[PDB]
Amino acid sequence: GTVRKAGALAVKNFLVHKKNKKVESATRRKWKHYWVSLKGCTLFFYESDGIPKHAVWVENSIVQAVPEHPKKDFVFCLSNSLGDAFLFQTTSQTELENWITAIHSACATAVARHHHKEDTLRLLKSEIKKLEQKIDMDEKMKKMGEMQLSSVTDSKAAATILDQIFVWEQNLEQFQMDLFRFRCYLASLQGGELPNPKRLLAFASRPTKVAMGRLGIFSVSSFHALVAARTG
């Protein structure tokens, strides 16, 4: 409940997930300036012309720099655990990095408290290892199922296997996203470099690539929103 970071930020809605379960582009709006405080795992927005006006819960979030934003420098994008994303602009490159580190650190903390552990670093490493194993197992089984398909003549049995193949496809996306997120949280705590966004995007399934094409956006942020929108 302590203030981890506070500062001036311009803010704009970027993706929204209202219904159901469909991520859409947010209606176009002016950037709005706020004094913004990160307390625990929540960003509080205060009208600079004066108790918080808005509050955004950012547990299990991902924050990514958007250096290629057209009209603006020091823009970053936070995608939450529900399928929404938000654009923020800060005052400098250093403060951008500071904001990323502080949000990811609050997240790392909230995760540790969810597993009732005090040693956040140890927990994150444990969760990272577990995900890596889940992923390895399900990639192997998925391949086994695909190969198995050509020797299954009964269409009902084949259909059931195809179902599980696609279930693994979706789960693998989610696991990869979660792993990326935990690597962000771990980097924040270690002063390490963030995981590679382009590597993550290579794990997008075909239906996700289609969806992104519909949003008109191919980024860690839109990928994350789509996955999270599945409450995945």
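Each residue number is its position in the shown sequence, starting from 1.
Exercise. Going by the record, give me the number of deposited-sequence residues missing between residue 50 and residue 51 as none, 1 to 3, 4 to 9, or 10 or more.
Key: Gap between residue 50 and residue 51: 4 to 9 unmodelled residues.
Quiz item: If you average the CA temperature factors over each stretch, which comes out higher, 7-15 or 21-29?
Solution: On average, C-alpha B-factors are higher across 21-29.
Exercise. Compare the mean C-alpha B-factor of 65-73 with that of 199-207 as given in the PDB entry, and name the stretch with the higher value.
Key: Comparing 65-73 with 199-207, the higher average CA B-factor belongs to 65-73.
Quiz item: Say you rank 59, 169, 193, 178 by Cα B-factor from the PDB entry; which sits at the top?
Solution: In this record, 193 carries the highest C-alpha B-factor of the candidates.
Practice problem: Could you tell me which one of 98, 89, 153, 105 shows the highest CA temperature factor in the PDB record? | Solution: Comparing C-alpha B-factors across 98, 89, 153, 105, the maximum falls on 153.
Exercise. Would you check the entry's CA temperature factor for residue 165 and let me know if it's in the chain's lowest, middle or highest third?
Key: Answer is lowest: the recorded C-alpha B-factor places it there.
Quiz prompt | Third assignment of residue 126 from its chain's C-alpha B-factors | solution = Tercile = highest for this residue's CA B-factor.
Quiz prompt | For residue 38, the third of its chain into which the C-alpha B factor falls | solution = Its C-alpha B-factor, which the entry lists for residue 38, ranks in the lowest third among residues of this chain.
Quiz item: Ranked by Cα temperature factor within the chain, is residue 212 in the lowest third, the middle third or the highest third?
Solution: Tercile = middle for this residue's CA B-factor.
Practice problem: Please place residue 148 in the lowest, middle or highest third of its chain by C-alpha B factor as given in the entry. | Solution: Its C-alpha B-factor belongs to the middle third of this chain's values.
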